[PDB]
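Structure, as structure tokens:
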Amino acid sequence: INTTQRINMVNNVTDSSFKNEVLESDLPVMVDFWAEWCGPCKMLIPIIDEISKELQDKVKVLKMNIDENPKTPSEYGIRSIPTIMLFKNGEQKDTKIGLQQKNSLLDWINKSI
């Protein structure tokens with residue numbers, strides 16, 4: 001018996017802190033745009049948690065609730081969720097829409113950084 005990999009925890013970013021935590025970072029940043037009413041989003045949350053650990057010190061992983069923070073998704077053209085957006089050096093680098101499984105998500109991020 002060991003500690004579970006279900007960290008069930010990852011930092012939140014808001015419309016107030018997006019520039020500060022995402023656009024100003026030197027690390028590549030992955031942002032999971034989500035809401036509580038979105039079924040696929042809830043399936044994706046634990047995957048995002050696990051990937052944050054597997055990508056520690058390489059990619060900063062954050063989630064943004066779009067009910068509470070509608071302005072940032074609007075600015076980057078997000079029309080549906082789940083959306084996962086990758087940022088580097090103050091700009092968007094890549095985006096994918098929809099549930100993504102863990103291996104595919106890790107493959108994509110590693111290809112992108």
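Just remember, in the structure tokens the first chain shown is A, the second B, etc., residues are 1-based per chain, and ligands are 1-based in the order shown.
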Report task. Please provide the set of residues having any atom within 7 Å of residue 29 in chain A, restricted to only C-alpha atoms, with same-chain residues fewer than 6 positions apart removed, written as JSON, numbers by chain. Result -> {"A": [22, 59, 60, 61, 86, 87, 88]}
Report task. Please give the complete set of residues from chain A that DSSP, run on the backbone, assigns to strand (DSSP E), formatted as a PyMOL selection string. Result -> chain A and resi 29-34+60-65+83-88+91-97
Using only N, CA and C atoms, please write the residues we just selected to a file, as a short mmCIF file (atom, residue, chain, number, x, y, z; two decimals), in the first residue's frame.
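Output contents, as saved in result05.cif:
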```cif
data_model
loop_
_atom_site.label_atom_id
_atom_site.label_comp_id
_atom_site.auth_asym_id
_atom_site.auth_seq_id
_atom_site.Cartn_x
_atom_site.Cartn_y
_atom_site.Cartn_z
N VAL A 29 3.54 26.71 -20.30
CA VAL A 29 2.38 26.60 -19.43
C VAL A 29 1.26 25.88 -20.17
N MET A 30 0.63 24.93 -19.49
CA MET A 30 -0.56 24.27 -20.01
C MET A 30 -1.74 24.73 -19.17
N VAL A 31 -2.79 25.24 -19.82
CA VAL A 31 -4.00 25.66 -19.10
C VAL A 31 -5.19 24.82 -19.56
N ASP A 32 -5.87 24.19 -18.58
CA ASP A 32 -7.09 23.40 -18.79
C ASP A 32 -8.29 24.31 -18.52
N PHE A 33 -9.04 24.63 -19.56
CA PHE A 33 -10.25 25.45 -19.43
C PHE A 33 -11.43 24.52 -19.22
N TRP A 34 -12.19 24.74 -18.14
CA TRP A 34 -13.14 23.76 -17.67
C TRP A 34 -14.31 24.47 -17.00
N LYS A 60 4.44 24.12 -16.41
CA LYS A 60 3.51 24.56 -15.38
C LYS A 60 2.09 24.20 -15.82
N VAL A 61 1.36 23.48 -14.98
CA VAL A 61 0.01 23.03 -15.31
C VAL A 61 -1.00 23.75 -14.42
N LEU A 62 -2.02 24.34 -15.05
CA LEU A 62 -3.01 25.14 -14.34
C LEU A 62 -4.39 24.83 -14.89
N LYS A 63 -5.42 25.09 -14.09
CA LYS A 63 -6.76 25.00 -14.65
C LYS A 63 -7.50 26.31 -14.44
N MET A 64 -8.36 26.63 -15.40
CA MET A 64 -9.14 27.87 -15.36
C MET A 64 -10.62 27.55 -15.52
N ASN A 65 -11.41 27.92 -14.52
CA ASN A 65 -12.86 27.71 -14.58
C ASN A 65 -13.47 28.84 -15.39
N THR A 83 -11.09 22.61 -23.28
CA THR A 83 -10.03 23.09 -24.15
C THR A 83 -8.75 23.11 -23.33
N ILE A 84 -7.67 22.63 -23.93
CA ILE A 84 -6.35 22.67 -23.31
C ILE A 84 -5.49 23.54 -24.21
N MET A 85 -4.89 24.58 -23.64
CA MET A 85 -4.07 25.49 -24.41
C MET A 85 -2.67 25.52 -23.81
N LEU A 86 -1.67 25.47 -24.70
CA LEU A 86 -0.27 25.55 -24.34
C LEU A 86 0.26 26.94 -24.66
N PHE A 87 1.05 27.50 -23.75
CA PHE A 87 1.62 28.83 -23.91
C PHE A 87 3.13 28.79 -23.71
N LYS A 88 3.85 29.66 -24.41
CA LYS A 88 5.28 29.80 -24.19
C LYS A 88 5.68 31.21 -24.59
N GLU A 91 2.84 33.87 -25.45
CA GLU A 91 1.92 33.65 -26.55
C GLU A 91 1.38 32.23 -26.51
N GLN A 92 0.19 32.06 -27.06
CA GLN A 92 -0.32 30.71 -27.29
C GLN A 92 0.62 29.96 -28.23
N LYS A 93 0.82 28.68 -27.96
CA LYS A 93 1.64 27.82 -28.80
C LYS A 93 0.83 26.74 -29.51
N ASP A 94 -0.13 26.14 -28.82
CA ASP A 94 -0.99 25.13 -29.43
C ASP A 94 -2.25 24.99 -28.59
N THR A 95 -3.27 24.39 -29.19
CA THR A 95 -4.55 24.19 -28.54
C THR A 95 -5.15 22.87 -29.01
N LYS A 96 -5.82 22.15 -28.10
CA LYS A 96 -6.68 21.04 -28.47
C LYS A 96 -8.00 21.13 -27.72
N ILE A 97 -9.06 20.71 -28.40
CA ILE A 97 -10.42 20.69 -27.88
C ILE A 97 -10.82 19.25 -27.56
#
```
Do a neighbour search on residue 17 in chain A at 12 Å with only C-alpha atoms, toss out local chain neighbours closer than 6 positions, and write the hits as an mmCIF file with C-alpha atoms, in the first residue's frame.
```cif
data_model
loop_
_atom_site.group_PDB
_atom_site.id
_atom_site.type_symbol
_atom_site.label_atom_id
_atom_site.label_comp_id
_atom_site.auth_asym_id
_atom_site.auth_seq_id
_atom_site.Cartn_x
_atom_site.Cartn_y
_atom_site.Cartn_z
ATOM 1 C CA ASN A 11 -3.409 25.160 -9.103
ATOM 2 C CA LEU A 23 2.035 34.960 -20.019
ATOM 3 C CA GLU A 24 4.920 36.015 -17.740
ATOM 4 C CA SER A 25 6.211 32.499 -17.031
ATOM 5 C CA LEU A 62 -3.013 25.136 -14.340
ATOM 6 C CA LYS A 63 -6.758 24.996 -14.648
ATOM 7 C CA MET A 64 -9.139 27.872 -15.360
ATOM 8 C CA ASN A 69 -13.256 33.516 -15.625
ATOM 9 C CA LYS A 71 -12.715 36.873 -20.304
ATOM 10 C CA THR A 72 -9.541 34.875 -21.016
#
```
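Across the structure, CA of residue 18 in chain A and CA of residue 90 in chain A are spaced 10.6 Å apart.
Shortest separation to residue 47 in chain A among A:113, A:27, A:1, A:7 occurs at residue A:7, atoms counted being only C-alpha atoms.
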**Report entry** Atom-to-atom span, CA of residue 13 in chain A and CA of residue 100 in chain A, Å
**Finding:** 20.7 Å
Query raised in the report: What gap, in Å, lies between CA of residue 14 in chain A and CA of residue 53 in chain A?
Result: 21.1 Å
DSSP-assigned alpha helix (DSSP H) among chain A, expressed as a PDB file with N, CA, C and O atoms, in the first residue's frame:
```pdb
ATOM      1  N   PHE A  18      -4.064  35.607 -14.941  1.00  0.00           N
ATOM      2  CA  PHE A  18      -3.618  34.905 -16.144  1.00  0.00           C
ATOM      3  C   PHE A  18      -2.317  35.484 -16.690  1.00  0.00           C
ATOM      4  O   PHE A  18      -1.371  34.737 -17.001  1.00  0.00           O
ATOM      5  N   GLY A  39     -19.325  17.450 -18.465  1.00  0.00           N
ATOM      6  CA  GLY A  39     -19.003  16.066 -18.192  1.00  0.00           C
ATOM      7  C   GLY A  39     -17.595  15.667 -18.604  1.00  0.00           C
ATOM      8  O   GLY A  39     -16.827  15.121 -17.808  1.00  0.00           O
ATOM      9  N   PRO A  40     -17.235  15.898 -19.865  1.00  0.00           N
ATOM     10  CA  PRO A  40     -15.869  15.568 -20.291  1.00  0.00           C
ATOM     11  C   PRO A  40     -14.802  16.315 -19.519  1.00  0.00           C
ATOM     12  O   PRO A  40     -13.710  15.767 -19.301  1.00  0.00           O
ATOM     13  N   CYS A  41     -15.064  17.565 -19.119  1.00  0.00           N
ATOM     14  CA  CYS A  41     -14.110  18.283 -18.280  1.00  0.00           C
ATOM     15  C   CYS A  41     -13.825  17.512 -17.004  1.00  0.00           C
ATOM     16  O   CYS A  41     -12.675  17.420 -16.565  1.00  0.00           O
ATOM     17  N   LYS A  42     -14.873  16.988 -16.371  1.00  0.00           N
ATOM     18  CA  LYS A  42     -14.666  16.311 -15.094  1.00  0.00           C
ATOM     19  C   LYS A  42     -13.873  15.023 -15.284  1.00  0.00           C
ATOM     20  O   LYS A  42     -13.103  14.628 -14.394  1.00  0.00           O
ATOM     21  N   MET A  43     -14.035  14.376 -16.436  1.00  0.00           N
ATOM     22  CA  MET A  43     -13.222  13.203 -16.750  1.00  0.00           C
ATOM     23  C   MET A  43     -11.768  13.581 -16.971  1.00  0.00           C
ATOM     24  O   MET A  43     -10.869  12.785 -16.686  1.00  0.00           O
ATOM     25  N   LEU A  44     -11.519  14.792 -17.462  1.00  0.00           N
ATOM     26  CA  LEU A  44     -10.175  15.232 -17.790  1.00  0.00           C
ATOM     27  C   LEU A  44      -9.407  15.708 -16.562  1.00  0.00           C
ATOM     28  O   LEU A  44      -8.183  15.600 -16.541  1.00  0.00           O
ATOM     29  N   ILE A  45     -10.107  16.216 -15.528  1.00  0.00           N
ATOM     30  CA  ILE A  45      -9.424  16.791 -14.351  1.00  0.00           C
ATOM     31  C   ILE A  45      -8.401  15.843 -13.724  1.00  0.00           C
ATOM     32  O   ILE A  45      -7.266  16.275 -13.481  1.00  0.00           O
ATOM     33  N   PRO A  46      -8.729  14.584 -13.414  1.00  0.00           N
ATOM     34  CA  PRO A  46      -7.702  13.716 -12.812  1.00  0.00           C
ATOM     35  C   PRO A  46      -6.529  13.453 -13.735  1.00  0.00           C
ATOM     36  O   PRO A  46      -5.409  13.234 -13.254  1.00  0.00           O
ATOM     37  N   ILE A  47      -6.759  13.444 -15.051  1.00  0.00           N
ATOM     38  CA  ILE A  47      -5.650  13.286 -15.984  1.00  0.00           C
ATOM     39  C   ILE A  47      -4.718  14.486 -15.887  1.00  0.00           C
ATOM     40  O   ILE A  47      -3.481  14.342 -15.863  1.00  0.00           O
ATOM     41  N   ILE A  48      -5.298  15.684 -15.834  1.00  0.00           N
ATOM     42  CA  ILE A  48      -4.521  16.915 -15.692  1.00  0.00           C
ATOM     43  C   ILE A  48      -3.711  16.887 -14.403  1.00  0.00           C
ATOM     44  O   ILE A  48      -2.558  17.339 -14.364  1.00  0.00           O
ATOM     45  N   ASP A  49      -4.301  16.353 -13.328  1.00  0.00           N
ATOM     46  CA  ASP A  49      -3.587  16.243 -12.060  1.00  0.00           C
ATOM     47  C   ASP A  49      -2.369  15.345 -12.208  1.00  0.00           C
ATOM     48  O   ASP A  49      -1.265  15.694 -11.774  1.00  0.00           O
ATOM     49  N   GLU A  50      -2.546  14.184 -12.836  1.00  0.00           N
ATOM     50  CA  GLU A  50      -1.427  13.253 -12.960  1.00  0.00           C
ATOM     51  C   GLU A  50      -0.325  13.835 -13.834  1.00  0.00           C
ATOM     52  O   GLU A  50       0.870  13.665 -13.545  1.00  0.00           O
ATOM     53  N   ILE A  51      -0.706  14.543 -14.897  1.00  0.00           N
ATOM     54  CA  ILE A  51       0.287  15.076 -15.821  1.00  0.00           C
ATOM     55  C   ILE A  51       1.090  16.190 -15.175  1.00  0.00           C
ATOM     56  O   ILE A  51       2.295  16.341 -15.442  1.00  0.00           O
ATOM     57  N   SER A  52       0.456  16.981 -14.308  1.00  0.00           N
ATOM     58  CA  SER A  52       1.189  18.019 -13.596  1.00  0.00           C
ATOM     59  C   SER A  52       2.363  17.426 -12.829  1.00  0.00           C
ATOM     60  O   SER A  52       3.452  18.011 -12.789  1.00  0.00           O
ATOM     61  N   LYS A  53       2.164  16.253 -12.226  1.00  0.00           N
ATOM     62  CA  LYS A  53       3.252  15.603 -11.504  1.00  0.00           C
ATOM     63  C   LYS A  53       4.299  15.045 -12.463  1.00  0.00           C
ATOM     64  O   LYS A  53       5.503  15.223 -12.243  1.00  0.00           O
ATOM     65  N   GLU A  54       3.866  14.385 -13.541  1.00  0.00           N
ATOM     66  CA  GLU A  54       4.831  13.817 -14.473  1.00  0.00           C
ATOM     67  C   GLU A  54       5.599  14.898 -15.223  1.00  0.00           C
ATOM     68  O   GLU A  54       6.706  14.634 -15.701  1.00  0.00           O
ATOM     69  N   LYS A  71     -13.337  35.938 -19.380  1.00  0.00           N
ATOM     70  CA  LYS A  71     -12.715  36.873 -20.304  1.00  0.00           C
ATOM     71  C   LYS A  71     -11.554  36.226 -21.052  1.00  0.00           C
ATOM     72  O   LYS A  71     -11.451  36.381 -22.273  1.00  0.00           O
ATOM     73  N   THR A  72     -10.699  35.480 -20.353  1.00  0.00           N
ATOM     74  CA  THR A  72      -9.541  34.875 -21.016  1.00  0.00           C
ATOM     75  C   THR A  72      -9.948  33.908 -22.118  1.00  0.00           C
ATOM     76  O   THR A  72      -9.368  33.974 -23.218  1.00  0.00           O
ATOM     77  N   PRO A  73     -10.882  32.979 -21.911  1.00  0.00           N
ATOM     78  CA  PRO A  73     -11.278  32.123 -23.043  1.00  0.00           C
ATOM     79  C   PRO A  73     -11.775  32.937 -24.220  1.00  0.00           C
ATOM     80  O   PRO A  73     -11.476  32.617 -25.378  1.00  0.00           O
ATOM     81  N   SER A  74     -12.497  34.029 -23.953  1.00  0.00           N
ATOM     82  CA  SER A  74     -12.979  34.878 -25.040  1.00  0.00           C
ATOM     83  C   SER A  74     -11.818  35.466 -25.836  1.00  0.00           C
ATOM     84  O   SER A  74     -11.874  35.551 -27.074  1.00  0.00           O
ATOM     85  N   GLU A  75     -10.752  35.859 -25.141  1.00  0.00           N
ATOM     86  CA  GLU A  75      -9.632  36.518 -25.797  1.00  0.00           C
ATOM     87  C   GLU A  75      -8.878  35.567 -26.707  1.00  0.00           C
ATOM     88  O   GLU A  75      -8.266  36.007 -27.691  1.00  0.00           O
ATOM     89  N   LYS A 102      -4.432  10.259 -21.326  1.00  0.00           N
ATOM     90  CA  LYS A 102      -3.201  10.695 -20.674  1.00  0.00           C
ATOM     91  C   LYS A 102      -1.978  10.518 -21.569  1.00  0.00           C
ATOM     92  O   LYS A 102      -1.167  11.442 -21.708  1.00  0.00           O
ATOM     93  N   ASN A 103      -1.810   9.332 -22.162  1.00  0.00           N
ATOM     94  CA  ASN A 103      -0.625   9.106 -22.991  1.00  0.00           C
ATOM     95  C   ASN A 103      -0.587  10.063 -24.168  1.00  0.00           C
ATOM     96  O   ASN A 103       0.468  10.624 -24.485  1.00  0.00           O
ATOM     97  N   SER A 104      -1.729  10.250 -24.842  1.00  0.00           N
ATOM     98  CA  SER A 104      -1.788  11.180 -25.965  1.00  0.00           C
ATOM     99  C   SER A 104      -1.462  12.599 -25.521  1.00  0.00           C
ATOM    100  O   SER A 104      -0.732  13.324 -26.209  1.00  0.00           O
ATOM    101  N   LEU A 105      -2.009  13.018 -24.377  1.00  0.00           N
ATOM    102  CA  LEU A 105      -1.746  14.362 -23.877  1.00  0.00           C
ATOM    103  C   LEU A 105      -0.264  14.562 -23.578  1.00  0.00           C
ATOM    104  O   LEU A 105       0.310  15.608 -23.914  1.00  0.00           O
ATOM    105  N   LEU A 106       0.374  13.577 -22.931  1.00  0.00           N
ATOM    106  CA  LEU A 106       1.801  13.697 -22.653  1.00  0.00           C
ATOM    107  C   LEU A 106       2.606  13.730 -23.945  1.00  0.00           C
ATOM    108  O   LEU A 106       3.553  14.512 -24.078  1.00  0.00           O
ATOM    109  N   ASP A 107       2.249  12.878 -24.907  1.00  0.00           N
ATOM    110  CA  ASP A 107       2.933  12.892 -26.197  1.00  0.00           C
ATOM    111  C   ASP A 107       2.840  14.260 -26.853  1.00  0.00           C
ATOM    112  O   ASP A 107       3.835  14.781 -27.374  1.00  0.00           O
ATOM    113  N   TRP A 108       1.649  14.853 -26.835  1.00  0.00           N
ATOM    114  CA  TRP A 108       1.434  16.165 -27.442  1.00  0.00           C
ATOM    115  C   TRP A 108       2.252  17.250 -26.756  1.00  0.00           C
ATOM    116  O   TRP A 108       2.926  18.049 -27.418  1.00  0.00           O
ATOM    117  N   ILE A 109       2.226  17.284 -25.424  1.00  0.00           N
ATOM    118  CA  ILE A 109       2.948  18.337 -24.720  1.00  0.00           C
ATOM    119  C   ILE A 109       4.449  18.208 -24.946  1.00  0.00           C
ATOM    120  O   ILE A 109       5.151  19.213 -25.135  1.00  0.00           O
ATOM    121  N   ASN A 110       4.970  16.979 -24.907  1.00  0.00           N
ATOM    122  CA  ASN A 110       6.403  16.784 -25.104  1.00  0.00           C
ATOM    123  C   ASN A 110       6.827  17.161 -26.515  1.00  0.00           C
ATOM    124  O   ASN A 110       7.957  17.611 -26.720  1.00  0.00           O
ATOM    125  N   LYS A 111       5.935  16.989 -27.493  1.00  0.00           N
ATOM    126  CA  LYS A 111       6.208  17.423 -28.861  1.00  0.00           C
ATOM    127  C   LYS A 111       6.232  18.935 -28.987  1.00  0.00           C
ATOM    128  O   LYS A 111       6.790  19.453 -29.957  1.00  0.00           O
ATOM    129  N   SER A 112       5.632  19.643 -28.033  1.00  0.00           N
ATOM    130  CA  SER A 112       5.352  21.066 -28.140  1.00  0.00           C
ATOM    131  C   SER A 112       6.318  21.935 -27.351  1.00  0.00           C
ATOM    132  O   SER A 112       6.288  23.159 -27.509  1.00  0.00           O
TER     133      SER A 112
END
```
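Among the candidates A:2, A:20, A:8, A:80, the residue lying nearest to residue 99 in chain A is A:80 (atoms considered: only C-alpha atoms).
When only C-alpha atoms are used to measure the gap to residue 82 in chain A, the shortest distance among A:5, A:38, A:58, A:101 belongs to A:38.
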